[PDB]
Amino acid sequence: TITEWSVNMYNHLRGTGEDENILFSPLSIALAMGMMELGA
Amino acid sequence: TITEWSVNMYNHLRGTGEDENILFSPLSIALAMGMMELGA
Amino acid sequence: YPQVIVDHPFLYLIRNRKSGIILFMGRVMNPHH
Amino acid sequence: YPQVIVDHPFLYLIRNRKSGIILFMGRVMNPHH
Amino acid sequence: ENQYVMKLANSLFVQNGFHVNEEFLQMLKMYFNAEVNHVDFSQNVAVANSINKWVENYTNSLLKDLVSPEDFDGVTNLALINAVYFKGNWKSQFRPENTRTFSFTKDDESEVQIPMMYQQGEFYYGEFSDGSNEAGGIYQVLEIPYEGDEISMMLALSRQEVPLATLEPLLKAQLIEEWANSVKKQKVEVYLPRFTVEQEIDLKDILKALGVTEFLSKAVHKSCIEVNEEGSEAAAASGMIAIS
Amino acid sequence: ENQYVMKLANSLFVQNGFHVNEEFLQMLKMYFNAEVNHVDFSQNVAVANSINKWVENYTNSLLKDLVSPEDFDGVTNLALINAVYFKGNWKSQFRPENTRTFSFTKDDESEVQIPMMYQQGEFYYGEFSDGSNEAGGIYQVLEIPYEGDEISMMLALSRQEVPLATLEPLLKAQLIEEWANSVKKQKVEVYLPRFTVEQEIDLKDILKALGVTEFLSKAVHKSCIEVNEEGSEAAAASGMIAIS
């Protein structure tokens, strides 16, 4: 779900209303959940 | 099972009988089985 | 000569081609800073 | 002065300390080559 | 791929006396190349500096305040952290001598004076149709690669008379694939601005409001990028603070 | 850790028309930083060169023949491959001028003339008791670190009058931990030999004769190292050839 996944957070960070800049790193979060899903 | 695991292959490659050199890379095999156990 | 003046709001993707994984993503509403 | 002449069969470990993961492992029966 | 800089790295922080599945440490250690460091999560301030000094170390100091003393608490036993750091050079970089102030008009109809980068170069260019095709309902797309032919910056741009929000709902994974299956390399004349922005999301909830239901007592994401004439330097870091 | 060289990398080879779980590609792609390359496994020779040229590329050409046309067949759809490559410098390197022939006596009571490296240096040294404590039943242990204080070479050595096989059965994971919880850094005078050896195991069966029961139509491991005065250059590669 690589890019479709990250195109959802982007689709979240802009539903707040505030027409303000938004910047994230799918690669980094995807890597954190990876470890996170290694045994917890 | 990191090192105890690799200390088993070593314990295998020498049960053959041939008192010959043996060299492997636990890190590499451990990495192959990792992908291998990602969905197969 | 296509002309692309990004003098107004846009979204971006610092991404890798060969693999297709996205590094950084977002939109630029305010270019100031 | 400890003296360690590895003039005969031994096993080895090219390993990382801080982490403890083993890179390469094995024993040297014949040093020839 | 050694023509630019992508340096990546993971780690784990856990209470000193706290023990955890050993068949998970190497697990991390090997797969995620994690750095298992023992700390004392009771010392709120002391552990934040720790972790901060870590991420503030694997991202060239672009992210100085990742986790905070507030993200911790007495039950914090673990804390997963990742730090991504990008640093490359436009394959064809702008000239700091063609950079002239221009007026960026936010969709807000507001105004913002700003340093504008200019250059005539070889870029992956592509125009695509949109909901309304009045004035040729087509928004542009520019893909500028960095030195190592591996990383690129894709722009999804609309017309000034149209918001970026009328183009956001179209966004989909297969819209990004069609991005790089049509962007033909031409001789486009770009006008990008020099800019540096850093956001600070708060995962936990977005993860829940996205799917993951399987528990962390917090989550913290942060990242900044600094576009400009030479190239681009971005970094990120994520913190999964576990309660058990 | 940038004082030496550990460069690591994975990849995947699959039939061109063959499709596979997309939520496994990125999976690999992200976690294992895999390179998903499409080939034609029908072309036995053609695919071997491919893969060989790959591993023979991520291990500096120390492993020229990883997979073979024989490891493939008509049903080969996938083929997982990993290549580890180590390259560092003894923190305290030997002098090629103190290297003199010596006679290595294999446990076989055979003889082998050989280039012997010599130096008086600061090494992690440790002696440990063994089954029989006649002549002080204690075998030595030497840990020589490379430039980056991250990698080391641990030697488990016995007395000439005793085989290395009388010490092998003692080997255990916690015996290696006790290795690095006792090896005190002293001023030992070492005599290691210049040597380069490369083995070629055949996984599949050892995996089965080790546990993994969950199917690959083959498996191939290979690796070589080249100890010497300057430092050490080793590499490996593993090939998991899938039939489905």
# chains A, B, ... in the order shown; residues from 1 in each chain; ligands from 1
$ residues_around --residues "stretch 134-147 of chain F" --least-positions-apart "4" --cutoff "7 Å" --atoms "only C-alpha atoms" --output "list in words"
residues 3, 4, 88, 89, 90, 91, 123, 124, 125, 126, 127, 128, 129, 130, 151, 152, 153, 154, 155, 156, 157, 158 and 159 of chain F
$ write_last_selection --atoms "N, CA, C and O atoms" --output "PDB file, in the first residue's frame"
ATOM      1  N   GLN F   3      34.389   4.834   9.247  1.00  0.00           N
ATOM      2  CA  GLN F   3      35.826   4.661   9.280  1.00  0.00           C
ATOM      3  C   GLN F   3      36.188   3.370   8.545  1.00  0.00           C
ATOM      4  O   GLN F   3      37.371   3.089   8.310  1.00  0.00           O
ATOM      5  N   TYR F   4      35.167   2.589   8.184  1.00  0.00           N
ATOM      6  CA  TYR F   4      35.368   1.336   7.447  1.00  0.00           C
ATOM      7  C   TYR F   4      34.272   1.169   6.390  1.00  0.00           C
ATOM      8  O   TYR F   4      33.577   2.132   6.079  1.00  0.00           O
ATOM      9  N   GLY F  88      37.416  -3.296   6.057  1.00  0.00           N
ATOM     10  CA  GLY F  88      37.945  -2.383   7.057  1.00  0.00           C
ATOM     11  C   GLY F  88      39.450  -2.516   7.235  1.00  0.00           C
ATOM     12  O   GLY F  88      40.082  -3.360   6.598  1.00  0.00           O
ATOM     13  N   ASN F  89      40.031  -1.677   8.086  1.00  0.00           N
ATOM     14  CA  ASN F  89      41.475  -1.725   8.341  1.00  0.00           C
ATOM     15  C   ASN F  89      41.765  -1.996   9.814  1.00  0.00           C
ATOM     16  O   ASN F  89      41.178  -1.372  10.697  1.00  0.00           O
ATOM     17  N   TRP F  90      42.668  -2.935  10.072  1.00  0.00           N
ATOM     18  CA  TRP F  90      43.036  -3.244  11.441  1.00  0.00           C
ATOM     19  C   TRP F  90      43.254  -1.880  12.088  1.00  0.00           C
ATOM     20  O   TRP F  90      43.877  -1.009  11.478  1.00  0.00           O
ATOM     21  N   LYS F  91      42.724  -1.677  13.293  1.00  0.00           N
ATOM     22  CA  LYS F  91      42.915  -0.403  13.976  1.00  0.00           C
ATOM     23  C   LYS F  91      44.430  -0.264  14.114  1.00  0.00           C
ATOM     24  O   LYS F  91      44.999   0.819  13.913  1.00  0.00           O
ATOM     25  N   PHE F 123      45.353  -5.415  22.117  1.00  0.00           N
ATOM     26  CA  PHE F 123      44.225  -6.234  21.714  1.00  0.00           C
ATOM     27  C   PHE F 123      43.390  -6.723  22.900  1.00  0.00           C
ATOM     28  O   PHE F 123      43.855  -6.747  24.043  1.00  0.00           O
ATOM     29  N   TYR F 124      42.139  -7.079  22.625  1.00  0.00           N
ATOM     30  CA  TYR F 124      41.266  -7.586  23.668  1.00  0.00           C
ATOM     31  C   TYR F 124      41.704  -9.028  23.800  1.00  0.00           C
ATOM     32  O   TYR F 124      41.487  -9.826  22.896  1.00  0.00           O
ATOM     33  N   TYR F 125      42.347  -9.347  24.917  1.00  0.00           N
ATOM     34  CA  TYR F 125      42.848 -10.693  25.155  1.00  0.00           C
ATOM     35  C   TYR F 125      42.138 -11.420  26.295  1.00  0.00           C
ATOM     36  O   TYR F 125      41.718 -10.811  27.277  1.00  0.00           O
ATOM     37  N   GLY F 126      42.006 -12.731  26.162  1.00  0.00           N
ATOM     38  CA  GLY F 126      41.339 -13.490  27.197  1.00  0.00           C
ATOM     39  C   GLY F 126      41.614 -14.978  27.137  1.00  0.00           C
ATOM     40  O   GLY F 126      41.604 -15.583  26.069  1.00  0.00           O
ATOM     41  N   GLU F 127      41.867 -15.570  28.296  1.00  0.00           N
ATOM     42  CA  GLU F 127      42.128 -16.996  28.394  1.00  0.00           C
ATOM     43  C   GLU F 127      40.974 -17.620  29.161  1.00  0.00           C
ATOM     44  O   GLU F 127      40.479 -17.040  30.129  1.00  0.00           O
ATOM     45  N   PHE F 128      40.534 -18.793  28.722  1.00  0.00           N
ATOM     46  CA  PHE F 128      39.422 -19.476  29.374  1.00  0.00           C
ATOM     47  C   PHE F 128      39.706 -20.973  29.599  1.00  0.00           C
ATOM     48  O   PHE F 128      40.377 -21.629  28.795  1.00  0.00           O
ATOM     49  N   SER F 129      39.180 -21.504  30.698  1.00  0.00           N
ATOM     50  CA  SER F 129      39.368 -22.906  31.055  1.00  0.00           C
ATOM     51  C   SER F 129      38.635 -23.863  30.121  1.00  0.00           C
ATOM     52  O   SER F 129      37.590 -23.527  29.563  1.00  0.00           O
ATOM     53  N   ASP F 130      39.189 -25.062  29.967  1.00  0.00           N
ATOM     54  CA  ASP F 130      38.602 -26.083  29.097  1.00  0.00           C
ATOM     55  C   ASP F 130      38.430 -27.420  29.821  1.00  0.00           C
ATOM     56  O   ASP F 130      38.890 -27.592  30.951  1.00  0.00           O
ATOM     57  N   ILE F 151      33.664  -3.044  14.239  1.00  0.00           N
ATOM     58  CA  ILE F 151      33.863  -4.450  13.886  1.00  0.00           C
ATOM     59  C   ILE F 151      35.138  -5.006  14.511  1.00  0.00           C
ATOM     60  O   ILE F 151      36.116  -4.277  14.703  1.00  0.00           O
ATOM     61  N   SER F 152      35.110  -6.299  14.829  1.00  0.00           N
ATOM     62  CA  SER F 152      36.245  -6.986  15.433  1.00  0.00           C
ATOM     63  C   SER F 152      36.344  -8.391  14.892  1.00  0.00           C
ATOM     64  O   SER F 152      35.379  -8.917  14.351  1.00  0.00           O
ATOM     65  N   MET F 153      37.522  -8.991  15.057  1.00  0.00           N
ATOM     66  CA  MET F 153      37.788 -10.369  14.640  1.00  0.00           C
ATOM     67  C   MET F 153      38.146 -11.160  15.889  1.00  0.00           C
ATOM     68  O   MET F 153      39.207 -10.945  16.460  1.00  0.00           O
ATOM     69  N   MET F 154      37.264 -12.060  16.317  1.00  0.00           N
ATOM     70  CA  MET F 154      37.516 -12.875  17.503  1.00  0.00           C
ATOM     71  C   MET F 154      38.137 -14.240  17.203  1.00  0.00           C
ATOM     72  O   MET F 154      37.571 -15.039  16.465  1.00  0.00           O
ATOM     73  N   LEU F 155      39.288 -14.514  17.801  1.00  0.00           N
ATOM     74  CA  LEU F 155      39.966 -15.792  17.607  1.00  0.00           C
ATOM     75  C   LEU F 155      39.750 -16.700  18.821  1.00  0.00           C
ATOM     76  O   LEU F 155      39.854 -16.265  19.963  1.00  0.00           O
ATOM     77  N   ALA F 156      39.434 -17.959  18.568  1.00  0.00           N
ATOM     78  CA  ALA F 156      39.276 -18.929  19.638  1.00  0.00           C
ATOM     79  C   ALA F 156      40.428 -19.858  19.308  1.00  0.00           C
ATOM     80  O   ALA F 156      40.369 -20.583  18.318  1.00  0.00           O
ATOM     81  N   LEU F 157      41.483 -19.818  20.115  1.00  0.00           N
ATOM     82  CA  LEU F 157      42.668 -20.638  19.851  1.00  0.00           C
ATOM     83  C   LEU F 157      43.064 -21.614  20.968  1.00  0.00           C
ATOM     84  O   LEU F 157      42.961 -21.301  22.156  1.00  0.00           O
ATOM     85  N   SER F 158      43.514 -22.804  20.574  1.00  0.00           N
ATOM     86  CA  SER F 158      43.944 -23.816  21.540  1.00  0.00           C
ATOM     87  C   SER F 158      45.466 -24.032  21.475  1.00  0.00           C
ATOM     88  O   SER F 158      46.192 -23.233  20.867  1.00  0.00           O
ATOM     89  N   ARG F 159      45.947 -25.091  22.127  1.00  0.00           N
ATOM     90  CA  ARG F 159      47.378 -25.396  22.130  1.00  0.00           C
ATOM     91  C   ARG F 159      47.674 -26.304  20.947  1.00  0.00           C
ATOM     92  O   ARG F 159      46.807 -27.062  20.525  1.00  0.00           O
TER      93      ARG F 159
END
$ residues_around --residues "residue E:85" --least-positions-apart "5" --cutoff "8 Å" --atoms "only C-alpha atoms" --output "PyMOL selection string"
chain E and resi 5-8+58-60+233-236
$ select_by_dssp --residues "chain C" --states "strand (DSSP E or B)" --output "list in words"
residues 3, 4, 5, 10, 11, 12, 13, 14, 15, 16, 22, 23, 24, 25, 26, 27 and 28 of chain C
$ interface_residues --of "chain B" --to "chain D" --cutoff "7 Å" --atoms "only C-alpha atoms" --output "list in words"
residues 3, 10, 19, 20, 21, 22, 23, 24, 25, 26 and 27 of chain B
$ interface_residues --of "chain F" --to "chain A" --cutoff "12 Å" --atoms "only C-alpha atoms" --output "JSON, numbers by chain"
{"F": [21, 22, 23, 24, 25, 26, 27, 28, 29, 30, 31, 32, 33]}
$ interface_residues --of "chain E" --to "chain C" --cutoff "8 Å" --atoms "only C-alpha atoms" --output "ChimeraX atom specification"
/E:102-107,112-114,140,150-158,160,163-164,187-197,234
$ write_last_selection --atoms "N, CA, C and O atoms" --output "compact mmCIF listing (two decimals), in the first residue's frame"
# COMPACT_ATOMS: atom_id res chain seq x y z
N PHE E 102 9.78 37.76 -6.58
CA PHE E 102 8.56 37.57 -7.35
C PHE E 102 7.48 37.60 -6.28
O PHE E 102 7.80 37.55 -5.10
N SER E 103 6.22 37.65 -6.69
CA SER E 103 5.12 37.70 -5.74
C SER E 103 4.30 36.43 -5.73
O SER E 103 3.47 36.20 -6.61
N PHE E 104 4.54 35.58 -4.74
CA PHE E 104 3.80 34.34 -4.60
C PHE E 104 2.43 34.70 -4.05
O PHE E 104 2.31 35.36 -3.01
N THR E 105 1.39 34.30 -4.77
CA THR E 105 0.03 34.58 -4.35
C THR E 105 -0.61 33.29 -3.83
O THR E 105 -0.97 32.40 -4.60
N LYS E 106 -0.74 33.19 -2.51
CA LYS E 106 -1.33 32.01 -1.89
C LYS E 106 -2.77 31.87 -2.38
O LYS E 106 -3.38 32.85 -2.78
N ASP E 107 -3.32 30.65 -2.37
CA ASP E 107 -4.70 30.43 -2.78
C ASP E 107 -5.61 31.34 -1.97
O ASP E 107 -6.76 31.56 -2.32
N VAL E 112 2.84 37.38 -0.91
CA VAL E 112 4.07 37.12 -0.19
C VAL E 112 5.26 37.35 -1.11
O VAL E 112 5.43 36.63 -2.10
N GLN E 113 6.07 38.36 -0.82
CA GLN E 113 7.24 38.61 -1.65
C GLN E 113 8.17 37.44 -1.41
O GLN E 113 8.19 36.87 -0.32
N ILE E 114 8.96 37.07 -2.41
CA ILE E 114 9.80 35.90 -2.24
C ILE E 114 10.92 35.76 -3.30
O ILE E 114 10.80 36.27 -4.42
N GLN E 140 0.02 21.54 -14.60
CA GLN E 140 1.34 21.06 -14.96
C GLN E 140 1.95 20.12 -13.92
O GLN E 140 1.43 19.93 -12.81
N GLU E 150 18.69 8.95 -9.08
CA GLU E 150 17.75 8.19 -8.25
C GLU E 150 16.60 8.96 -7.61
O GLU E 150 15.49 8.43 -7.48
N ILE E 151 16.85 10.19 -7.17
CA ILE E 151 15.80 10.97 -6.52
C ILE E 151 15.32 12.11 -7.41
O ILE E 151 16.09 12.65 -8.21
N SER E 152 14.04 12.45 -7.27
CA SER E 152 13.42 13.51 -8.05
C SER E 152 12.43 14.26 -7.19
O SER E 152 11.99 13.76 -6.17
N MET E 153 12.08 15.47 -7.64
CA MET E 153 11.09 16.32 -6.97
C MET E 153 9.94 16.54 -7.94
O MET E 153 10.11 17.23 -8.94
N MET E 154 8.78 15.95 -7.66
CA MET E 154 7.62 16.10 -8.53
C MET E 154 6.67 17.23 -8.11
O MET E 154 6.16 17.24 -6.99
N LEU E 155 6.42 18.16 -9.01
CA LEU E 155 5.52 19.28 -8.74
C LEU E 155 4.16 19.04 -9.40
O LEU E 155 4.08 18.63 -10.55
N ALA E 156 3.09 19.29 -8.66
CA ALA E 156 1.75 19.17 -9.21
C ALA E 156 1.31 20.62 -9.12
O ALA E 156 1.08 21.12 -8.03
N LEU E 157 1.23 21.29 -10.26
CA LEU E 157 0.86 22.71 -10.28
C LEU E 157 -0.39 23.07 -11.10
O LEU E 157 -0.63 22.51 -12.17
N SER E 158 -1.17 24.01 -10.58
CA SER E 158 -2.38 24.46 -11.27
C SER E 158 -2.23 25.90 -11.79
O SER E 158 -1.11 26.44 -11.82
N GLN E 160 -3.01 30.04 -11.62
CA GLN E 160 -3.17 30.98 -10.52
C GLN E 160 -4.65 31.16 -10.22
O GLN E 160 -5.06 31.17 -9.05
N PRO E 163 -7.33 27.15 -7.28
CA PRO E 163 -6.66 26.66 -6.08
C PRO E 163 -5.95 25.32 -6.29
O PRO E 163 -6.20 24.62 -7.27
N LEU E 164 -5.08 24.98 -5.35
CA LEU E 164 -4.34 23.72 -5.37
C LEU E 164 -5.26 22.67 -4.76
O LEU E 164 -5.00 21.46 -4.85
N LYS E 187 12.53 20.69 -22.72
CA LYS E 187 13.43 21.80 -22.47
C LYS E 187 12.74 22.95 -21.73
O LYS E 187 13.01 24.12 -22.00
N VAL E 188 11.87 22.61 -20.79
CA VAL E 188 11.10 23.59 -20.01
C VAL E 188 11.88 24.72 -19.28
O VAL E 188 13.04 24.56 -18.87
N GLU E 189 11.23 25.87 -19.15
CA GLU E 189 11.79 27.04 -18.47
C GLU E 189 11.09 27.15 -17.10
O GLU E 189 9.96 27.65 -17.02
N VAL E 190 11.74 26.67 -16.04
CA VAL E 190 11.14 26.71 -14.70
C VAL E 190 11.39 27.97 -13.90
O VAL E 190 12.34 28.72 -14.15
N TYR E 191 10.49 28.18 -12.93
CA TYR E 191 10.49 29.32 -12.01
C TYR E 191 10.02 28.76 -10.67
O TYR E 191 8.83 28.81 -10.35
N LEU E 192 10.94 28.20 -9.91
CA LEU E 192 10.61 27.64 -8.62
C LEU E 192 11.12 28.64 -7.60
O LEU E 192 12.00 29.45 -7.91
N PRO E 193 10.57 28.61 -6.38
CA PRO E 193 11.03 29.56 -5.36
C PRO E 193 12.00 28.93 -4.38
O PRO E 193 11.99 27.71 -4.21
N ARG E 194 12.84 29.75 -3.75
CA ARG E 194 13.78 29.26 -2.74
C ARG E 194 12.92 29.20 -1.48
O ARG E 194 12.29 30.19 -1.10
N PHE E 195 12.87 28.05 -0.82
CA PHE E 195 12.02 27.95 0.35
C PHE E 195 12.41 26.82 1.28
O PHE E 195 12.92 25.78 0.86
N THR E 196 12.14 27.02 2.57
CA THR E 196 12.44 26.02 3.57
C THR E 196 11.30 25.93 4.55
O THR E 196 10.99 26.90 5.23
N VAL E 197 10.67 24.77 4.63
CA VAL E 197 9.54 24.56 5.53
C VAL E 197 9.66 23.29 6.39
O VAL E 197 10.15 22.27 5.92
N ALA E 234 16.79 17.69 3.13
CA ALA E 234 15.64 17.41 3.97
C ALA E 234 15.94 16.29 4.96
O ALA E 234 16.87 15.51 4.76
$ atom_distance --atom1 "atom CA of residue B:16" --atom2 "atom CA of residue F:172"
19.2 Å
$ select_by_dssp --residues "chain B" --states "helix (DSSP H, G or I)" --output "list in words"
residues 2, 3, 4, 5, 6, 7, 8, 9, 26, 27, 28, 29, 30, 31, 32, 33, 34, 35 and 36 of chain B
$ closest_residue --among "F:212, F:131, F:169, F:200" --to "residue B:15" --atoms "only C-alpha atoms"
F:169
$ atom_distance --atom1 "atom CA of residue E:239" --atom2 "atom CA of residue F:35"
27.5 Å
$ residues_around --residues "residue F:81" --least-positions-apart "6" --cutoff "7 Å" --atoms "only C-alpha atoms" --output "ChimeraX atom specification"
/B:32 /F:10-12,237-240
$ write_last_selection --atoms "N, CA, C and O atoms" --output "PDB file, in the first residue's frame"
ATOM      1  N   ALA B  32      18.309 -13.042   4.160  1.00  0.00           N
ATOM      2  CA  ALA B  32      17.609 -13.687   3.055  1.00  0.00           C
ATOM      3  C   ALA B  32      16.336 -14.361   3.543  1.00  0.00           C
ATOM      4  O   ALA B  32      15.293 -14.286   2.888  1.00  0.00           O
TER       5      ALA B  32
ATOM      6  N   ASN F  10      20.015  -5.719  -0.894  1.00  0.00           N
ATOM      7  CA  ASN F  10      19.131  -6.799  -1.314  1.00  0.00           C
ATOM      8  C   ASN F  10      18.474  -6.523  -2.660  1.00  0.00           C
ATOM      9  O   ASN F  10      18.547  -5.408  -3.191  1.00  0.00           O
ATOM     10  N   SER F  11      17.820  -7.551  -3.194  1.00  0.00           N
ATOM     11  CA  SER F  11      17.138  -7.443  -4.472  1.00  0.00           C
ATOM     12  C   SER F  11      16.231  -8.633  -4.675  1.00  0.00           C
ATOM     13  O   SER F  11      16.270  -9.603  -3.909  1.00  0.00           O
ATOM     14  N   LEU F  12      15.432  -8.549  -5.731  1.00  0.00           N
ATOM     15  CA  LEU F  12      14.484  -9.592  -6.081  1.00  0.00           C
ATOM     16  C   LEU F  12      14.466  -9.764  -7.592  1.00  0.00           C
ATOM     17  O   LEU F  12      14.513  -8.789  -8.328  1.00  0.00           O
ATOM     18  N   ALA F 237      26.927 -13.676  -0.144  1.00  0.00           N
ATOM     19  CA  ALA F 237      25.732 -13.556  -0.970  1.00  0.00           C
ATOM     20  C   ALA F 237      24.940 -14.839  -0.804  1.00  0.00           C
ATOM     21  O   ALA F 237      25.515 -15.931  -0.736  1.00  0.00           O
ATOM     22  N   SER F 238      23.623 -14.704  -0.725  1.00  0.00           N
ATOM     23  CA  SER F 238      22.752 -15.855  -0.558  1.00  0.00           C
ATOM     24  C   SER F 238      21.652 -15.808  -1.600  1.00  0.00           C
ATOM     25  O   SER F 238      21.131 -14.744  -1.910  1.00  0.00           O
ATOM     26  N   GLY F 239      21.300 -16.968  -2.138  1.00  0.00           N
ATOM     27  CA  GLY F 239      20.273 -17.000  -3.153  1.00  0.00           C
ATOM     28  C   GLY F 239      19.144 -17.958  -2.859  1.00  0.00           C
ATOM     29  O   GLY F 239      19.334 -19.172  -2.803  1.00  0.00           O
ATOM     30  N   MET F 240      17.954 -17.403  -2.665  1.00  0.00           N
ATOM     31  CA  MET F 240      16.765 -18.193  -2.400  1.00  0.00           C
ATOM     32  C   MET F 240      15.990 -18.273  -3.718  1.00  0.00           C
ATOM     33  O   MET F 240      15.347 -17.306  -4.127  1.00  0.00           O
TER      34      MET F 240
END
